[PDB]
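Descriptive analysis of the structure
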Amino acid sequence: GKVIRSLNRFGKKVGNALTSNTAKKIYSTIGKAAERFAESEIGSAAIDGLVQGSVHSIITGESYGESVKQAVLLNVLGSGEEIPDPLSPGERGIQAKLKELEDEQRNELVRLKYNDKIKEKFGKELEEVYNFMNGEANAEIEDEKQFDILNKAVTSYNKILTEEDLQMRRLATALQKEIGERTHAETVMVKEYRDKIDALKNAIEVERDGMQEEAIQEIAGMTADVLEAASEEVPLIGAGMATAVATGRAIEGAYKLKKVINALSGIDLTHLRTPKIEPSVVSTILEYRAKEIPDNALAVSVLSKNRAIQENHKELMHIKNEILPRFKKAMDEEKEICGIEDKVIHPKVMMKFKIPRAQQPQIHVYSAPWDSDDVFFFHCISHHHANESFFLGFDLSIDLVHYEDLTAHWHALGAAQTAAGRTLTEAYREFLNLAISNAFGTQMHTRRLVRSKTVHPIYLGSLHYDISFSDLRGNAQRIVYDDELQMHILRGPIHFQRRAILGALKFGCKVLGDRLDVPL
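Residues numbered from 1 in each chain as written, not as in the entry; some residues may be left out. Heavy atoms only, no water.

Determination of this PDB entry was carried out by cryo-EM to a resolution of 3.3 Å, according to the record.

1. Quick look at the overall build of the chain
Going by this rule: Secondary structure follows DSSP: runs of H or I at least 4 residues long count as helices, runs of E at least 2 residues long count as strands, and numbering of each begins at the N terminus. Accessible area is worked out with a 1.4 Å probe on protein chains only. A residue is then buried under 20% of its type maximum, exposed over 50%, and partly exposed in between. Where accessible areas are quoted, they stem from the Shrake-Rupley method and a 1.4 Å probe; at the residue level, only the protein chains shown are allowed to cover. Charge assignment in this entry is limited to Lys and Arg as positive and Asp and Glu as negative, and neither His nor the chain termini are counted. Every charge is mapped onto a representative atom, which is NZ of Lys, CZ of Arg, CG of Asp or CD of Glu.
Within the chain one finds 17 helices and eight strands. Every one of the 520 residues in the chain was classed for burial, and the buried ones make up 47%. Carbon and sulfur atoms form 53% of the exposed surface of the chain, whose accessible area is close to 26,200 Å². Within the chain, the 77 negative side-chain charges are centred at a point lying 4 Å from the centre of the 67 positive side-chain charges.

2. Some words on the packing of aromatic side chains
Rules: The pairing test for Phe, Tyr and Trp rings, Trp by its six-membered ring, is centres within 6.5 Å, and the orientation test on the planes gives stacked under 30 degrees, edge-to-face over 60, and tilted for anything in between.
According to the stated counting rule, one finds 14 aromatic pairs in the structure shown. Where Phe-391 meets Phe-431, the ring centres are 5.7 Å apart and the plane angle is 70 degrees; that geometry is what we call edge-to-face. With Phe-391 in strand β5 (residues 390-395) and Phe-431 in helix α14 (residues 424-437), this residue pair connects regions lying 40 residues apart in the sequence. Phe-391 sits in the buried class, given a relative accessible area of 0%. The class for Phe-431 is buried, based on a relative accessible area of 1%.

3. Digging into helix α1 (residues 22-37)
Threshold: To estimate how far a helix should extend, the number of its residues minus one is multiplied by 1.5 Å. The arc in question is the one traced by the directions running from the helix axis out to the C-beta atoms.
With 16 residues, α1 should reach 22 Å at 1.5 Å per residue; the first-to-last C-alpha distance of 23 Å fits that figure. Within α1 the residues assigned to the buried category are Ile-26, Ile-30, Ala-33 and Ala-34. Along the long axis of α1, the arc covered by the buried residues comes to 100 degrees, so they all point the same way. Seen from the buried face of α1, the exposed residues on the opposite side, beyond 90 degrees, are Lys-24, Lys-32, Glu-35 and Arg-36. Once α1 finishes, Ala-38 follows within two positions and takes phi at roughly 130 degrees, a positive value.

4. Points about the sheet that holds strand β1 (residues 71-73)
Adjacent strands of a sheet pair through backbone hydrogen bonds, lying either parallel or antiparallel. What counts is decided by this rule: Whether two strands pair comes down to DSSP finding at least two bridges between them. All axes here are fitted lines through C-alpha atoms, helices being fitted over the stretch that makes contact, and every angle between N-to-C directions spans 0 to 180 degrees.
Here three strands make up an open sheet; going across it, the order is β2-β1-β8 and the pairing mixed. Of all the strands in the sheet, the pair left with one neighbour each is β2 (216-218) and β8 (509-511). Across this sheet, the average inter-strand angle for adjacent strands is 25 degrees, counted without regard to direction. Examined bridge by bridge, β1 and β8 share three bridges and lie antiparallel to one another.

5. Observations concerning a nonpolar patch on the surface
How we decide: Each patch is built from residues that are more than 30% exposed by relative accessible area and take part in no salt bridge. Like charges join if they lie within 9 Å; nonpolar side chains (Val, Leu, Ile, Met, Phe, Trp, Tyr) join within 5 Å. Note on definitions: salt bridges are taken to be side-chain nitrogens of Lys or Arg within 4 Å of carboxyl oxygens of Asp or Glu.
A cluster of nonpolar side chains, namely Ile-42, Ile-47 and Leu-50, defines an oily patch on the protein surface of about 310 Å² accessible area. Along the chain, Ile-42 falls in the loop between α1 and α2 (46-64).

6. Observations concerning the domain arrangement of the chain
The criterion, for reference: Residue ranges for the domains originate in an automatic or database domain assignment. Any two residues whose heavy atoms approach within 4.5 Å are treated as being in contact. Simply put, the buried area is the total loss of 1.4 Å probe accessible area from both parts when two parts are fitted together.
Segmentation of the chain into domains returns domain 1 (68-353) and domain 2 (354-520). Using only C-alpha atoms to locate each centre, domain 1 and domain 2 end up separated by 27 Å. Listed by partner, the interface residues are 44 residues for domain 1 and 43 residues for domain 2. Approximately 4,000 Å² of surface area, both sides summed, lies buried where domain 1 meets domain 2, with 62% of it carried by carbon and sulfur atoms.

7. Digging into the sheet that holds strand β6 (residues 400-405)
Reading across from one edge, β6-β5-β4-β3-β7 is the order of the five strands in this open sheet, with antiparallel pairing throughout. Sheet topology places β6 and β7 (458-463) at the edges, where each strand pairs with a single neighbour. Going from strand to strand, the sheet's axes swing by 20 degrees on average, the running direction of each strand aside. Strand direction decides the pairing type here: strand β3 (residues 363-367) and strand β4 (residues 375-380), joined by five bridges, are antiparallel. Across the sheet, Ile-363 pairs through a bridge with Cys-380, a residue of β4. Of the strands in this sheet, β3, β4, β5 and β6 are in contact with helix α15 (residues 469-481), which crosses β5 at around 30 degrees.

8. A few points about the state of the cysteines
How we decide: What counts as a disulfide here is a pair of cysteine sulfur atoms lying within 2.5 Å.
Applying the stated rule across the entire model yields zero disulfides. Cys-509 takes part in no disulfide bond, and the closest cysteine sulfur, belonging to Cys-380, lies 17 Å away. Residue classification places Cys-509 among the buried positions, given a relative accessible area of 5%.

9. A short note on the environment of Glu-125
Here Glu-125 shows up in helix α5 (residues 124-132). Taking relative accessible area as the criterion, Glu-125 reaches 28% and is therefore assigned partly exposed. The sequence separation of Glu-125 and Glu-100 amounts to 25 residues, and the corresponding C-alpha distance is 23 Å. In this view, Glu-125 contacts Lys-152, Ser-156 and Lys-159; residues no more than four positions away in its chain are not counted.

In structure tokens:
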């Protein structure tokens with residue numbers, strides 16, 4: 001479903017100048033709705049106070065007009081990170097190998113502190129995979145083909161996922177169940193989690209009272225090791241007075257599962273991730289400004305993180321059921337046809353499943369091929385297990401956004417869905433032609449050869465998003481539909497509006513302040 005709205009900005013309008021009638025109308029329709037359902041007599045009386053009040057609040061809300069609330073990007077910062085400019089592959093590509101390093105370093109002491117207790121739950125398998133990578137050689141060895149180790153890494157990784165999932169689902173129903181219904185073990189688990197959320201509410205509220213008077217930023221910025229303690233819904237092993245929560249995104253990588261899978265088969269799984277705080281939690285805490293948020297709201301946000309972790313699980317199952325068997329078949333067929341020993345996995349077997357880098361399930365950033373930083377667009381791609389993607393492009397000069405669902409992707413390791421959908425190509429073709437035909441407040445455009453008819457985006461790399469793909473698509477919707485979001489999010493130097501658009505896409509952004517309901 002293509003959509004080509006245009007962005008709002010504060011200097012607009014200016015100015016209709018009626019300026020009332022909102023009072024005259026809200027009374028006129030309110031009187032007619034009473035004329036339909038059995039007269040005005042009941043309200044004359046107590047309801048007229050409600051009307052007069054809502055009209056009053058509505059009117060003074062109208063008095064402010066344009067008007068700039070302060071709005072945050074729901075991602076706690078925390079540690080040295082910024083949000084990369086989505087238009088300098090340098091900056092953002094650094095930021096990826098940087099997160100892989102801080103991560104490998106910090107997971108490592110999850111493996112240190114919890115090794116034996118982890119060998120209890122998932123046990124014997126994980127440590128074998130971690131040894132297969134960085135453990136010293138040369139014993140016991142022999143037991144033992146690489147393809148078995150690849151399978152061991154996957155199945156064990158899936159063992160972690162169904163554990164994290166089953167645990168989240170148990171905590172969410174516990175949050176729902178409400179006191180008399182809750183078992184003892186569940187009251188305890190809800191009480192713990194509720195307390196962690198109180199630490200967080202306290203943090204966010206202190207961070208937010210200290211924010212400037214019209215600010216855009218990230219809501220809060222605590223060091224990752226501390227926020228993990230104050231926020232992880234479901235630690236997977238009981239934290240015996242060490243630090244390092246065994247988050248299980250931690251065990252995923254404490255043991256190098258993802259990394260060994262990727263180093264054996266060619267398959268990249270870096271895109272299986274979860275937000276470090278669920279954005280909807282930061283959102284709930286934000287709109288219960290100081291008034292203990294109910295168990296149900298908590299369970300909603302827990303379920304909401306759970307759907308992202310269920311997405312990872314489904315991707316994993318797509319790799320295990322649809323692609324490992326294909327990988328085996330290709331491997332021993334490689335041995336058959338020109339072996340190529342099949343003790344080791346030879347690289348031409350890995351390359352047999354190698355999708356083009358532009359279609360990894362991340363956010364890909366393209367840019368117009370001429371000269372502005374005005375035009376650019378994201379192609380966001382989603383998990384292979386369900387491989388729909390979309391197109392979200394901006395021309396910040398003739399302020400307009402252009403959103404569009406794209407089609408299936410027939411590459412080597414997508415699922416087969418039905419073609420939707422335009423190509424990525426049809427989409428940016430029309431988008432860039434629109435950006436060019438709309439330009440008449442600059443000369444010498446395009447300046448491209450043969451005077452247009454015509455042009456193609458310059459591709460610029462990509463970044464991972466941590467929320468679920470449908471949460472991402474919901475953020476892109478909310479960028480093209482919400483006028484107030486666009487006004488706030490589109491503000492500083494052009495380079496900052498770019499950073500902020502990527503922010504509100506990648507984490508989501510919520511504007512602050514209050515609202516009141518209408519009777520009729």
